[PDB]
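Next up: just one chain, as structure tokens, the form deposited in one PDB entry.
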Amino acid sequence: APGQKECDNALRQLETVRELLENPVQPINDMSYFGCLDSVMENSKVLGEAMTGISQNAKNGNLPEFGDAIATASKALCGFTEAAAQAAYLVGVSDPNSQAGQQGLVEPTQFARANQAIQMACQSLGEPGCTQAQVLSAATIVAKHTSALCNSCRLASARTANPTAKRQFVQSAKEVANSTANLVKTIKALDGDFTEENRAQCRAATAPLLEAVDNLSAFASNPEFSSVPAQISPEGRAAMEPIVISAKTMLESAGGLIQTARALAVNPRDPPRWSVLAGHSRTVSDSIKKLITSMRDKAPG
């Protein structure tokens, strides 16, 4: 039934996004404080419209439109929570006794994943039983992650005021890109003529790429480029609490809203559940109001 998958998906995404509120003492995105407030305002508006879509379409049995409203609500709830968690962090770190950290040049988790993915795709291009189709699928993985590595290198170069590091991040990226370009030549040859000799030539051309990946990993792992965690004071933690509590309350009511709506979509002849739905919806709105008020009060700058 249309709407049922959306409700289940929404409840899963809510369960995932609520984890951001458990200990929001490190930055989770690049938004400024007013960036967070802008996002809270925009997502609140979208959510308001979506809650009306949920009720009205469930009431009248417009199931595809119901599913769309559920999906829109879910997206807005996630956007809202990301903004709230970031805002909470910014409030916490703004306390005089809190110690601001510093942003690392390259985000470490996706960096490691990119390197690992390239290494495994290169290994695939090396398997004796690799089908011709698998050459092309491996190539897509190489294409994705080598381009991502180069992008990260340019970002890191922009971020650092060390002229030597600026130049080296660009050079390392060039090595990844040029070794990949050489590999691409051999991939083209192997795809055009699927011979054992061309398989060997492709395998061979993975080596300079693996070396480029390893060399960049070694360079980028310099402790001087690493992130330094924020230290949030107890006062900072107390200051961010009203934002966190309101965001948590909002998600609790939103979960109840979606669960109630899921039932009403199936059977809208249920006056008690309509009241429950209106209660959850108003409590979502109340929680958002309280969060906005708290954000205006606890603003660092």
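Residue indices: 1-based, along the sequence shown.
A summary of the deposited B-factors shows that, of 118-126 and 193-201, the stretch with the larger mean C-alpha value is 193-201. Remark: stretch with higher mean C-alpha B factor among 142-150 and 183-191 is 183-191.
In the PDB entry, a CA B factor belonging to the middle third of its chain's modelled residues is recorded for residue 241. In this PDB entry, residue 82 carries a Cα temperature factor that places it within the middle third of its chain's modelled residues.
For residue 52, the recorded CA B-factor ranks within the lowest third of the chain. Only modelled residues enter the ranking.
Among the modelled residues of its chain, residue 94 has a C-alpha B-factor that falls in the highest third, as given in the PDB entry. In the deposited entry, the Cα temperature factor of residue 160 sits in the middle third of values across the chain's modelled residues.
Below, we refer to the form deposited in another entry, which is not included among the displayed structures.
If you assign each C-alpha to whichever superposition fits it better, residue 114 and residue 213 land in the same rigid part between the shown form and the other one. In the other form, the CA atoms of residue 228 and residue 19 draw together by 3 angstroms or more relative to this form. Relative to this form, in the other form the C-alpha atoms of residue 19 and residue 225 approach one another by 3 angstroms or more.
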